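Colleague: Let me begin by handing over the structure; questions about it come next.
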Amino acid sequence: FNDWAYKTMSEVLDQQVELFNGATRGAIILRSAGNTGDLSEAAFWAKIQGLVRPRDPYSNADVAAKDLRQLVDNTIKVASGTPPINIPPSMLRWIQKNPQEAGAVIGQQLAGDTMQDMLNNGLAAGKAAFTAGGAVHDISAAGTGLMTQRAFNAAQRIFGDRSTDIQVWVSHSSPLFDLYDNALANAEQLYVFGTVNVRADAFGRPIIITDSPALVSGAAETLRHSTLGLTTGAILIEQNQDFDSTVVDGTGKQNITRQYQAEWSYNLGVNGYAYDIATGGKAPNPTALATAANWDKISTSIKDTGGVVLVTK
Amino acid sequence: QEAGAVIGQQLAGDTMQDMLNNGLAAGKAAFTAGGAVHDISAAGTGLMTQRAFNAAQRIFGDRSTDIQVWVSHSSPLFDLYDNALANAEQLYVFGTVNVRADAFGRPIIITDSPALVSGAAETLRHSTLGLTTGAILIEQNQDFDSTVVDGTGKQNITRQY
Amino acid sequence: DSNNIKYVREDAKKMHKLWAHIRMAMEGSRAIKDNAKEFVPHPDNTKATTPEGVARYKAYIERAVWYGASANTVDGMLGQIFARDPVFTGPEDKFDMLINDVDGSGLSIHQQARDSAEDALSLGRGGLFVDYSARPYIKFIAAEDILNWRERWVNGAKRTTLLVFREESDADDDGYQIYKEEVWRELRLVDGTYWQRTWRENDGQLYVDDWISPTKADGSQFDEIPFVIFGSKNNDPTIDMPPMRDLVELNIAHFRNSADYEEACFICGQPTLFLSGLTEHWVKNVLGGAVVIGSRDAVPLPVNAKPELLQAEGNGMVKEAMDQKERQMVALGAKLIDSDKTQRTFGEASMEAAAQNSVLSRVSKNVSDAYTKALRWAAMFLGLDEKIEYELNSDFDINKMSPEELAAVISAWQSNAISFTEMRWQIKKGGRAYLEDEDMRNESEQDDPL
Amino acid sequence: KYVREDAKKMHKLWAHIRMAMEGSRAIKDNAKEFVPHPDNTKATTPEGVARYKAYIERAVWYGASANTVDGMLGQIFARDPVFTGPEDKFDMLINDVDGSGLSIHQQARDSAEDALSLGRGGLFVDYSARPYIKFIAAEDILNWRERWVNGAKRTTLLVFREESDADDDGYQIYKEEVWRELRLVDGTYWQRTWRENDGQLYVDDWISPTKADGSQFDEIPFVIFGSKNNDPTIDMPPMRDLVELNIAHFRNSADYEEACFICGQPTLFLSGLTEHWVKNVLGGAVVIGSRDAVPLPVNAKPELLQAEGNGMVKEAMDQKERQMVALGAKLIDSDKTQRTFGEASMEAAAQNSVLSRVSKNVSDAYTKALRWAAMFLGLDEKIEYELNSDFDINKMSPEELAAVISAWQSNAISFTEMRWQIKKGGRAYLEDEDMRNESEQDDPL
Amino acid sequence: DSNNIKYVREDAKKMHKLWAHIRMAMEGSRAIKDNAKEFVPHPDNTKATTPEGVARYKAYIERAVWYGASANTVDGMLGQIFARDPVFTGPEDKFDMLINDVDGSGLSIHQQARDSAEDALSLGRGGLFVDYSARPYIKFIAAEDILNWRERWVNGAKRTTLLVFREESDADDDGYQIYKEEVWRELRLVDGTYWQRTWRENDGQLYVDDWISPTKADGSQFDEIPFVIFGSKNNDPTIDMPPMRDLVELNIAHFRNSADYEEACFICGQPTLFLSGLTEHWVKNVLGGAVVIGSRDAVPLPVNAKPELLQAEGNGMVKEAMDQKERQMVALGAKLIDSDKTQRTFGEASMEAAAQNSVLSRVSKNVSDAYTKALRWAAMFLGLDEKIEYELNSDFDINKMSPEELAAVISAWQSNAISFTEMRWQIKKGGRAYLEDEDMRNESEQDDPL
């Protein structure tokens with residue numbers, strides 16, 4: 001009642017998490033769709049390998065036999081939550097004009113941290129799936145570790161003729177600062193002071209900065225940054241709209257304990273990959289999601305899968 | 001709320017079952033304490049029969065017509081059906097062999113109340129009790145309280161009905 | 001699609017304690033004495049731990065006296081706001097079924113309006129619900145039952161996006177056997193369309209209705225949720241603080257002071273001899289453990305023995321506190337109690353009548369607007385005329401009209417100033433007529449039989 | 001939290017209110033529940049129960065609640081209730097409302113007292129042929145339901161206890177009971193009745209009463225009128241706190257009467273007295289009359305001791321009597337206090353709030369009952385039964401007569417309305433039709 | 001971060017404490033008791049440190065009584081302002097959308113005006129914002145949400161260049177609805193042009209929108225910001241001190257004195273025996289650790305033993321002080337409480353009627369001017385006729401109008417001195433009519449009944 005105002009000054013969030021839907025040209029989708037169970041699998045028809053065969057009109061001889069199969073996509077359900085927060089009595093307990101289930105700053109920070117956790121889990125799962133699918137490049141032995149745009153051209157090389165589908169890069173801040181420093185001292189002079197400040201990669205692909213820990217590994221010399229480029233709708237996040245929050249008062253001790261706990265869930269899915277629930281678990285951990293060997297490759301071609309990861313030091 | 005709906009759907013019937021069972025047990029206990037008991041088990045075969053209803057009706061003297069309803073277990077009813085089907089006394093014809101109102105127009109209300117079985121294995125003793133109006137009186141106190149308390153500290157929020 | 005169908009917005013949870021306190025103050029002595037622990041502080045909690053302490057507290061509470069001036073206040077205000085009857089403007093034969101049985105249970109709209117205004121006076125919160133089954137009905141939802149709501153600014157317009165209320169019901173099973181089943185109704189407004197789900201829970205199973213949009217007689221669905229939150233302050237979804245809170249506080253304080261006063265009167269009230277300057281030798285000599293105190297019998301005492309018949313004197317501090325609290329309850333201006341000893345000059349209250357009947361005017365206008373809007377919603381349901389009204393009794397301090405007032409009103413009616421219907425409404429207001437306007441016109445059209 | 005209302009726990013409250021209405025006898029044979037025993041240790045003992053009997057018998061029951069209800073009924077029921085519609089056709093309803101010759105006005109008065117006292121009652125219009133507008137006590141109604149069907153608050157089931165006595169050849173007192181059973185299936189009215197013969201419940205099959213034309217019925221012919229509203233839910237009795245005040249005053253009066261009996265008589269209290277002086281001159285007998293003087297030894301101080309007035313017990317008794325008057329319940333009149341005319345005009349609305357509420361509720365209930373009776377007999381539906389909504393009625397003033405006739409000469413008040421004004425003012429008794437028939441002739445002169 | 005969209009002026013921060021205290025006083029007993037830490041100082045810090053001391057302080061406060069007269073003063077003043085309905089000059093069907101729902105929530109302009117006057121009376125500050133979405137909406141912003149304004153002498157004219165007010169709405173954009181989304185509106189004026197932005201804090205990020213200049217129907221943009229800040233003093237953005245500060249302060253002092261009085265009544269209010277000249281031997285022999293004090297039960301005492309009942313008498317200094325404060329409260333405005341003991345003869349208060357209702361007249365005029373300006377700006381949005389006014393009731397101390405008053409007003413209308421609309425409004429002022437002017441005209445168009 002002294003401040004008599006909501007303390008929004010609280011550092012509710014620091015990492016930039018505006019990475020959903022149109023913020024990435026639709027690379028990371030954040031649809032709100034509710035689905036049951038711990039899996040959401042859908043099956044499309046598999047592509048027949050020897051559909052077109054050489055034929056000998058003069059003599060057909062033996063006749064082979066071809067069969068059509070059916071591949072399965074997967075979407076593993078990930079459950080998160082909040083540790084029990086004992087709300088302090090404080091002195092700012094005047095009647096709150098606008099009601100908040102948790103009150104004070106709990107939800108003000110919880111919304112941002114929920115979005116941050118969703119984005120971090122999605123990025124980690126994308127990296128794991130791309131590494132398990134072979135869509136990975138490790139430019140770390142050569143030079144400083146990151147080139148100006150030759151690094152991106154390598155990912156274009158990896159993805160092939162369908163490189164026009166990749167249209168956005170998600171990168172940590174340090175790679176973009178390295179790119180800025182390289183641009184300022186242009187060895188092959190192609191940057192003037194007017195165009196030294198460029199966000200894209202000289203191919204029409206905007207670069208988006210995020211400080212997610214899922215894109216940084218190691219420390220000191222082993223410090224590595226992971227810049228991953230996504231196609232359209234490469235990483236899908238489905239909110240299950242099952243949020244439940246409670247405020248409980250514990251009694252019996254010298255003073256009352258007013259606890260708060262929240263609960264929600266969401267789905268993750270990477271275009272062209274399936275989560276090996278047999279290898280992993282029913283409710284994967286962020287470590288389990290980021291771990292490879294749990295992400296099988298479903299699409300017959302790497303061009304069909306959405307995304308490539310570029311590793312630079 | 002689907003869990004609570006299931007709780008309520010089962011709970012209504014279970015509360016009524018508890019009330020009825022307690023009422024029947026208390027009624028049998030009181031009637032045995034008062035001496036108003038007739039046992040046909042020791043006399044010949046122990047089974048339901050019209051003569052058994054008459055012998056039980058021998059209590060209350062002249063004012064015995066005020067007995068209205070014979071609440072009983074299902075097995076005594078089926079024993080009565082078996083007796084009536086093989087009518088050693090030429091009373092039942094096939095069209096009238098199934099009647100639930102044997103005792104001079106007194107019906108036989110049927111329920112599987114464990115308070116009435118009163119036995120086990122071959123030493124079981126099925127018990128039927130005939131009542132007048134208002135014989136067993138069950139009065140609720142209109143004090144129903146339902147509480148859902150939540151707890152925090154575990155991996156998931158817990159509830160408790 | 002939806003979250004938990006029951007979820008109490010924390011404001012309603014905070015207000016539940018005050019609403020229960022005010023409701024139990026309306027209840028009377030029974031509820032207060034049944035829950036005395038919350039109001040009357042224990043004189044000594046060290047005793048309260050002991051069993052003789054709880055026996056002492058029970059004896060000390062059962063002797064208390066509950067004034068209940070709050071119940072009398074509510075009654076007085078309700079009588080003043082609903083002297084005579086609210087008037088309806090618009091087609092009457094068409095709307096007659098909404099007037100006679102507004103919810104299908106033979107309850108006239110005037111009685112439901114009276115009950116809603118009573119809740120507005122007491123708790124300062126209520127709600128009218130208009131739905132379609134066939135004919136439309138106007139529901140009444142108490143303050144406690146409205147357990148959540150929602151406000152959004154779409155196109156710069158304050159819109160009620162969500163409003164869920166717990167509608168209490170009952171199950172009429174095969175027998176005569178008490179079941180208490182509940183129905184939750186969720187009202188949503190998406191893309192400017194009104195949507196409705198009922199969580200029937202009939203038979204205690206899932207009968208949750210789907211996305212359904214009730215539609216007008218002509219069509220086009222709805223633009224706004226047909227549910228209004230009327231309160232003592234205004235017709236807002238936000239909470240309106242009860243007009244009864246301070247009176248209830250004063251009555252609770254007067255109740256605890258009354259308990260203290262009753263204990264003092266029960267213990268120290270009776271006179272006591274208090275024989276002093278005495279010895280046991282003399283007591284066993286003459287008194288023998290039995291003193292006769294009638295007028296026909298006298299008793300002696302030894303030298304320097306001074307009997308002092310003591311009793312608690314009047315005008316104690318407890319009466320002073322109780323009296324000031326009662327005078328404060330009256331000062332608030334509430335019509336809780338009266339005093340024939342006091343006198344008021346006529347014509348002086350004519351200046352303060354506006355201030356004294358404030359809450360009454362506010363609740364009158366609020367409930368009038370709520371019922372007008374509900375009747376408009378029902379009309380749109382059945383596609384009748386839209387310009388209809390329901391104007392409660394705005395004039396207070398009602399009294400039988402004077403012969404001078406009657407003459408002035410008749411003179412005004414004969415001049416082209418006040419309409420005939422206005423004059424008839426005024427005459428009915430003063431208790432000088434009972435027949436309907438058209439009935440009197442039909443009877444009095446004919447010339448005088450002489 | 002707390003249960004809805006009082007969890008339908010008004011049974012003890014209704015019993016207490018009925019005992020308070022009965023008078024001093026009912027309260028005195030209920031002192032155990034009302035007046036707590038001063039000492040439990042005595043309460044166990046037999047001298048303790050004798051002490052409690054002496055304590056309670058000397059008490060005085062004030063009986064203000066009965067006067068409150070009597071005053072409220074007198075204010076509500078002045079002249080007669082007005083009936084609108086065909087009076088000739090409904091005369092055989094009004095004169096014998098339930099086959100006993102008791103006029104509908106007296107049953108309305110009984111229902112009004114039931115509404116004012118414990119805030120509950122019931123009207124039941126059954127068909128025998130002649131419709132009968134029954135009156136059912138509050139305790140007789142023992143079941144009611146609120147299943148809402150077709151999205152509408154509906155009363156589906158209602159069972160009430162119905163009382164009768166049997167005239168068997170032998171004047172032996174036979175109390176037998178009937179339970180009418182009202183049910184509503186698919187929005188349709190069905191009933192069954194029970195006959196009980198010293199515990200012989202003879203049940204009847206479910207039956208479907210129909211109106212005169214047919215079409216059967218859409219709603220149950222039963223209305224539960226209360227002080228609050230005509231709803232099946234239990235409404236609070238209007239005199240709950242009033243009974244509490246009366247009971248508290250009664251126990252305080254018990255204490256006061258014990259004090260008056262014991263310590264009210266003054267005594268000599270001959271202090272500083274020696275038994276030798278007593279046996280010398282007093283001789284165990286003190287003559288106190290003005291003809292004789294009593295001698296006492298040196299330094300002895302006689303002193304008359306009697307408990308005086310203005311004690312805390314009578315202070316509390318006066319406080320509680322003031323509280324009753326302060327509440328505003330027309331229970332007693334005070335010759336000491338005076339109120340200026342016109343000051344009470346402002347608060348007349350508030351004082352008569354319960355009066356107006358009960359009047360309107362009972363009027364609506366009886367109107368609905370008359371509609372159902374007309375449905376049964378196939379008569380007109382536009383019938384009304386409005387009680388006196390104008391309380392504190394007195395003999396109208398001559399200037400008020402001048403105003404009334406001057407208003408009738410203008411076409412602003414009907415002739416029947418003017419006649420009702422004059423009748424309610426205590427200035428005429430003949431019916432308007434009779435006066436018209438008499439006055440249509442030429443002037444006497 | 002300061003210098004943000006959510007930065008608050010210094011003086012508003014200084015005034016927030018007083019506004020909070022005023023709001024707590026308006027709320028009632030609960031707010032004051034919960035936040036009694038600063039209102040009622042602890043009797044001593046020594047125990048205040050200890051937990052026994054804070055338990056004693058809890059018992060001290062919980063026993064106290066909050067008079068709650070300041071809130072009644074407001075309610076009464078508002079009732080004095082608002083009788084019948086404020087009049088509206090100009091086209092009605094052409095402004096009907098504003099009358100029916102001033103901000104698209106079904107709230108009539110009457111109720112929003114009532115709330116605005118309530119806030120201008122309690123804490124004395126408010127604001128009206130006119131925006132376009134086709135329909136213009138008139139917002140209401142509380143003084144707690146006004147957080148920035150800026151004044152300049154533009155060519156010698158006071159021009160409000162900047163103004164940022166906090167805008168609140170429940171978040172419903174899918175997800176899980178963690179907390180409600182919060183909005184800030186930056187209103188800027190450059191070179192005689194009205195610009196605005198909308199800052200939304202969603203998920204911890206402050207969104208911003210491109211600058212937009214709202215334009216009238218004809219165009220030409222704006223020279224003034226469509227936002228008026230009305231207060232108790234004047235309609236300027238400069239903060240005006242709240243009318244209710246003194247009464248709140250007197251009420252708080254009365255509350256702490258009431259706490260002291262209740263402690264005294266609790267402890268010393270009960271009569272007590274205080275047997276003097278007693279020894280342990282006599283007590284243990286005859287009394288035995290228990291004294292029967294009933295009328296029929298007598299007690300002996302040894303030589304020179306004096307029993308004397310003791311309790312604090314009335315007319316104490318604490319009660320004298322709190323009665324003085326009650327007098328001071330009613331002396332500074334009598335809208336809070338009345339006294340039937342006080343007899344005031346009619347005809348004398350007409351001299352002081354002007355000085356007393358000063359706050360009422362000032363608030364009524366301020367709110368009328370603010371709403372007239374807001375309606376004119378809404379007309380500019382719609383391109384309607386600007387010559388309109390919305391004036392509240394400036395005729396306080398209202399009552400039913402006497403027959404002589406009606407005769408006088410009719411005679412005034414018969415002469416060409418009061419027009420028909422003015423006479424009808426005067427009659428409706430005194431509660432002699434309810435029908436609107438046009439309906440009465442159309443009804444009196446017909447011939448006489450006869």
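Order determines the names: the first chain of the structure tokens is A, the second B, and so forth; residues in each chain are numbered 1 upward, and ligands are numbered 1 upward as they are shown.
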Residues of chain A within 7 Å of chain B, counting only C-alpha atoms - could you list those as a ChimeraX atom specification?

Modeller: /A:84,248,259,261

Colleague: Residues of chain A within 7 Å of chain C, counting only C-alpha atoms - could you list those as a PyMOL selection string?

Modeller: chain A and resi 99-101+242

Colleague: Once you have the residues from the selection above, write them out as a PDB file, in the first residue's frame, restricted to N, CA and C atoms.

Modeller:
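Output below, filename again-v1.pdb:
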```pdb
ATOM      1  N   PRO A  99      -8.151  -8.521 -10.524  1.00  0.00           N
ATOM      2  CA  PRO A  99      -7.830  -9.807  -9.895  1.00  0.00           C
ATOM      3  C   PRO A  99      -6.874 -10.631 -10.745  1.00  0.00           C
ATOM      4  N   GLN A 100      -5.881 -11.222 -10.087  1.00  0.00           N
ATOM      5  CA  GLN A 100      -4.936 -12.126 -10.727  1.00  0.00           C
ATOM      6  C   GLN A 100      -4.849 -13.397  -9.898  1.00  0.00           C
ATOM      7  N   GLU A 101      -5.022 -14.550 -10.551  1.00  0.00           N
ATOM      8  CA  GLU A 101      -5.077 -15.834  -9.859  1.00  0.00           C
ATOM      9  C   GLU A 101      -3.882 -16.024  -8.934  1.00  0.00           C
ATOM     10  N   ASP A 242      -4.461 -26.540 -21.277  1.00  0.00           N
ATOM     11  CA  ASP A 242      -4.872 -27.263 -20.081  1.00  0.00           C
ATOM     12  C   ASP A 242      -4.217 -26.673 -18.839  1.00  0.00           C
TER      13      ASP A 242
END
```

Colleague: Which residues of chain B come within 9 Å of chain C, and for each one, what is the closest pair of atoms and their distance in Å to one decimal, counting only C-alpha atoms, sorted by chain and residue number, as a tab-separated table?

Modeller:
```
residue	atom	partner	partner_atom	distance
B:1	CA	C:4	CA	7.0
B:2	CA	C:206	CA	6.9
B:4	CA	C:204	CA	8.5
B:5	CA	C:204	CA	4.9
B:6	CA	C:204	CA	6.3
B:7	CA	C:204	CA	8.1
B:8	CA	C:204	CA	5.9
B:9	CA	C:204	CA	4.4
B:10	CA	C:204	CA	8.2
B:12	CA	C:179	CA	7.4
B:16	CA	C:177	CA	8.9
B:142	CA	C:178	CA	8.9
```

Colleague: Restricting it to C-alpha atoms, dump the selection as a short mmCIF file (atom, residue, chain, number, x, y, z; two decimals), in the first residue's frame.

Modeller:
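Okay, again_0.cif is ready:
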```cif
data_model
loop_
_atom_site.label_atom_id
_atom_site.label_comp_id
_atom_site.auth_asym_id
_atom_site.auth_seq_id
_atom_site.Cartn_x
_atom_site.Cartn_y
_atom_site.Cartn_z
CA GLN B 1 -15.24 -31.87 -13.26
CA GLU B 2 -15.80 -35.24 -14.95
CA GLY B 4 -16.53 -35.08 -9.61
CA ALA B 5 -19.49 -36.02 -11.79
CA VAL B 6 -18.48 -39.69 -11.52
CA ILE B 7 -18.10 -39.28 -7.75
CA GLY B 8 -21.59 -37.83 -7.46
CA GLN B 9 -23.20 -40.37 -9.78
CA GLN B 10 -21.88 -43.29 -7.76
CA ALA B 12 -26.01 -40.87 -4.70
CA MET B 16 -29.04 -44.57 -0.46
CA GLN B 142 -29.91 -32.00 5.82
#
```

Colleague: Should the cut-off be 9 Å, what would the residue list for chain E against chain D look like, counting only C-alpha atoms, as an MDAnalysis selection string?

Modeller: chainID E and resid 295:296 449:450

Colleague: Only N, CA, C and O atoms, please: the residues just picked out, written as a PDB file, in the first residue's frame.

Modeller:
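And here is the file that came out, out25.pdb:
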```
ATOM      1  N   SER E 295     -28.568 -13.866  44.732  1.00  0.00           N
ATOM      2  CA  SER E 295     -29.419 -13.125  45.657  1.00  0.00           C
ATOM      3  C   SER E 295     -29.708 -13.916  46.924  1.00  0.00           C
ATOM      4  O   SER E 295     -29.681 -13.355  48.024  1.00  0.00           O
ATOM      5  N   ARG E 296     -29.991 -15.211  46.793  1.00  0.00           N
ATOM      6  CA  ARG E 296     -30.316 -16.026  47.955  1.00  0.00           C
ATOM      7  C   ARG E 296     -29.069 -16.512  48.682  1.00  0.00           C
ATOM      8  O   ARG E 296     -29.167 -16.974  49.823  1.00  0.00           O
ATOM      9  N   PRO E 449     -61.567  13.001 -22.933  1.00  0.00           N
ATOM     10  CA  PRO E 449     -62.322  11.741 -22.805  1.00  0.00           C
ATOM     11  C   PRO E 449     -63.828  11.929 -22.746  1.00  0.00           C
ATOM     12  O   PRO E 449     -64.552  11.390 -23.594  1.00  0.00           O
ATOM     13  N   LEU E 450     -64.315  12.696 -21.773  1.00  0.00           N
ATOM     14  CA  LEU E 450     -65.745  12.918 -21.569  1.00  0.00           C
ATOM     15  C   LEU E 450     -66.519  11.604 -21.499  1.00  0.00           C
ATOM     16  O   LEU E 450     -66.011  10.599 -21.003  1.00  0.00           O
TER      17      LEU E 450
END
```

Colleague: Determine, counting only C-alpha atoms, which protein, DNA and RNA residues have an atom within 8 Å of an atom of stretch 235-246 of chain D; residues of the same chain fewer than 2 positions away are not included. Present the result as a count of residues only.

Modeller: 35

Colleague: Using only C-alpha atoms, I'd like every residue of chain B that has an atom within 12 Å of chain D; please write them out as a PyMOL selection string.

Modeller: chain B and resi 63-69+106+131-135+140-147

Colleague: With 7 Å as the limit and counting only C-alpha atoms, what residues in chain C lie close to chain E? Please list them as a PDB file with C-alpha atoms, in the first residue's frame.

Modeller:
```pdb
ATOM      1  CA  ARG C 150     -14.256 -11.354 -18.271  1.00  0.00           C
ATOM      2  CA  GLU C 151     -13.847  -7.934 -19.897  1.00  0.00           C
ATOM      3  CA  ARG C 152     -12.089  -7.244 -23.203  1.00  0.00           C
ATOM      4  CA  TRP C 153     -11.622  -4.102 -25.288  1.00  0.00           C
ATOM      5  CA  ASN C 155     -12.677  -2.210 -31.357  1.00  0.00           C
ATOM      6  CA  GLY C 156     -12.382   0.137 -28.393  1.00  0.00           C
ATOM      7  CA  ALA C 157     -15.582  -1.259 -26.857  1.00  0.00           C
ATOM      8  CA  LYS C 158     -15.715  -2.751 -23.371  1.00  0.00           C
ATOM      9  CA  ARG C 159     -17.142  -6.200 -24.127  1.00  0.00           C
ATOM     10  CA  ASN C 234     -23.676   0.484 -11.290  1.00  0.00           C
ATOM     11  CA  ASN C 235     -24.249  -2.259 -13.859  1.00  0.00           C
ATOM     12  CA  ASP C 246     -20.638  -0.906   8.126  1.00  0.00           C
ATOM     13  CA  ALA C 264     -22.381  -8.683  33.955  1.00  0.00           C
ATOM     14  CA  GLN C 270     -28.798  -9.573  41.880  1.00  0.00           C
ATOM     15  CA  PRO C 271     -28.317  -7.746  45.207  1.00  0.00           C
ATOM     16  CA  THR C 272     -26.009  -9.444  47.711  1.00  0.00           C
ATOM     17  CA  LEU C 273     -25.862  -8.925  51.475  1.00  0.00           C
ATOM     18  CA  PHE C 274     -22.066  -9.049  51.964  1.00  0.00           C
ATOM     19  CA  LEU C 275     -22.118  -9.396  55.744  1.00  0.00           C
ATOM     20  CA  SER C 276     -18.888  -8.001  57.196  1.00  0.00           C
ATOM     21  CA  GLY C 277     -17.372  -7.714  60.652  1.00  0.00           C
ATOM     22  CA  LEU C 278     -18.551 -11.249  61.354  1.00  0.00           C
ATOM     23  CA  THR C 279     -17.188 -14.372  63.024  1.00  0.00           C
ATOM     24  CA  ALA C 312     -24.101  -3.487  40.068  1.00  0.00           C
ATOM     25  CA  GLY C 316     -22.164   1.655  33.524  1.00  0.00           C
ATOM     26  CA  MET C 317     -19.588   2.013  30.780  1.00  0.00           C
ATOM     27  CA  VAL C 318     -20.978  -1.047  28.973  1.00  0.00           C
ATOM     28  CA  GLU C 320     -22.598   3.762  27.437  1.00  0.00           C
ATOM     29  CA  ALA C 331     -26.652   8.294  12.695  1.00  0.00           C
ATOM     30  CA  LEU C 332     -25.517   6.450   9.506  1.00  0.00           C
ATOM     31  CA  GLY C 333     -29.077   7.475   8.465  1.00  0.00           C
ATOM     32  CA  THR C 342     -36.846  12.075  19.876  1.00  0.00           C
ATOM     33  CA  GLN C 343     -38.574  14.763  17.819  1.00  0.00           C
ATOM     34  CA  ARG C 344     -37.841  16.112  14.337  1.00  0.00           C
ATOM     35  CA  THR C 345     -39.062  19.403  12.900  1.00  0.00           C
ATOM     36  CA  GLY C 347     -39.705  20.689   6.778  1.00  0.00           C
ATOM     37  CA  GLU C 348     -36.128  20.227   7.986  1.00  0.00           C
ATOM     38  CA  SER C 350     -37.046  18.064   3.322  1.00  0.00           C
ATOM     39  CA  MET C 351     -33.498  19.286   2.645  1.00  0.00           C
ATOM     40  CA  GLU C 352     -31.711  16.039   3.550  1.00  0.00           C
ATOM     41  CA  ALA C 353     -34.240  13.618   2.005  1.00  0.00           C
ATOM     42  CA  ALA C 354     -32.103  13.581  -1.147  1.00  0.00           C
ATOM     43  CA  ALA C 355     -28.994  12.519   0.812  1.00  0.00           C
ATOM     44  CA  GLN C 356     -30.844  10.038   3.107  1.00  0.00           C
ATOM     45  CA  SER C 358     -29.258   7.952  -1.860  1.00  0.00           C
ATOM     46  CA  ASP C 395     -40.510   8.399  -5.128  1.00  0.00           C
ATOM     47  CA  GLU C 404     -54.963  19.711  -1.578  1.00  0.00           C
ATOM     48  CA  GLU C 405     -52.685  17.335  -3.489  1.00  0.00           C
ATOM     49  CA  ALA C 408     -53.819  20.200  -7.551  1.00  0.00           C
ATOM     50  CA  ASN C 416     -52.751  20.333 -20.911  1.00  0.00           C
ATOM     51  CA  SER C 419     -51.298  13.372 -19.050  1.00  0.00           C
ATOM     52  CA  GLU C 422     -49.816  10.254 -15.437  1.00  0.00           C
ATOM     53  CA  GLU C 445     -67.635   6.843 -20.568  1.00  0.00           C
TER      54      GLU C 445
END
```
